[PDB]
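Just the one chain here, the form deposited in one PDB entry, laid out as structure tokens.
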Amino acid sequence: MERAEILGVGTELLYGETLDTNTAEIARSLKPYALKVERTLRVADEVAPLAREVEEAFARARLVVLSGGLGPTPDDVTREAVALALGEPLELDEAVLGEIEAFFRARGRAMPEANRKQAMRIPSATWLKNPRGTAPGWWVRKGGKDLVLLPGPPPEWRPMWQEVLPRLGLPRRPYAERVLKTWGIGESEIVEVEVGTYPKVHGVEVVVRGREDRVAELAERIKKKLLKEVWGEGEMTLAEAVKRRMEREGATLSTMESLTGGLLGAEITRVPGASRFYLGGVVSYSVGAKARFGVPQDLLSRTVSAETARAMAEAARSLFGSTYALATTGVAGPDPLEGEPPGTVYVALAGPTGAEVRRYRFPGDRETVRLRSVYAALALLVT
């Protein structure tokens, strides 16, 4: 089996100032292909060491993928390092220049001198169009091997890489993964090709991976064994599950939040099409705010309670006129509140036939508790 070599470029990656997920993510995209990944690299922003690593990686590999260092500054030196590794001169493409120029003009700017170098390429390189940035990528086909240069930011490289990957003509292998996403059941209970369990803030994922035939058969048997706990598969998320229920019913949604601070509204609206059902929300972070939008005076001294969660959901529902409304209240941490520890949370749903509350006691730090709270609220609608 031939090798794929994957290099992330950036000194800040070495030190984990920015965490290298790009190389990992590209390696994962390569599993359906019959290439071996023996190693991945993160390389500092220096021309000579980078050219050496690129030269060596290309020498031993069917495929080399580089990610990062395509910006306009003196620390972006990937194009120079690759040209040096392949013994080709860099040459300015006037058509690409016009396009960078147009990119800046739309934004009401003139094109800075330093961006000119992003329109440079070696003669062996075909351009990869960057739909979201000024630096197009490269695709070098040479001696039966492929070298691909990609931008560092994921919104640029993801669409680029999806487009070019099939075109590389790599040998395929029948690998697959199936992800079953559950809620409200611990790892231990679940236990009662390879099958793994993965605890996340949105619930425990059951992952089945390996030979596509065996993945297919096995995954069906497991989903059956976990039929009521499974809320979605693959790319499905709780927010998207909510959106599907809302559109099915022609229903609307609104929210009132305290400890989640607006994170619940943020997670609902993350999904395209949220405007078809989501009317809006209130972040009632102070006592004054809670009263002003409908929570009864009698409850304002006991905010960490089932009664308050219920009252907040009712108040949001009457304020927005939505079919359904979700509310969050409780203790995110680090401090206790009203004698209750961090991770003490009540989520509530108000709908046509009344309200329901669930209490949770969530482990984790402040941000973790906020996240688990957001997903517990969405789970009221889809579990």
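Start at 1 and count along the sequence shown; that's the residue number.
Where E192 is followed by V193 in the displayed chain, the model omits 10 or more of the deposited residues that sit between the two. The question of which stretch, 138 to 146 or 269 to 277, has the higher mean Cα B factor is settled in favour of 138 to 146. The PDB entry records a higher mean C-alpha B factor for 227 to 235 than for its counterpart among 287 to 295 and 227 to 235. Annotation for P32, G351, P49, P341: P32 ranks highest, by Cα B-factor. The PDB entry assigns the greatest CA B-factor among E101, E307, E212, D75 to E212.
Among all modelled residues in this chain, the alpha-carbon of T11 has a temperature factor (C-alpha) in the middle third.
Ranked by Cα temperature factor within the chain, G203 sits in the middle third according to the deposited record. Placement of the Cα temperature factor of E314 within the chain: lowest third of the modelled residues, per the deposited record.
Ranked within its chain, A355 lands in the middle third, by CA B factor from the PDB record.
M1 sits in the highest third of its chain by CA B factor, as recorded in the PDB entry.
Below, we refer to the form deposited in another entry, which is not included among the displayed structures.
Hinge residue, chosen from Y175, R62, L84, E91: the C-alphas switch from fitting one rigid part better to fitting the other at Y175 when the forms are compared between the shown form and the other one.
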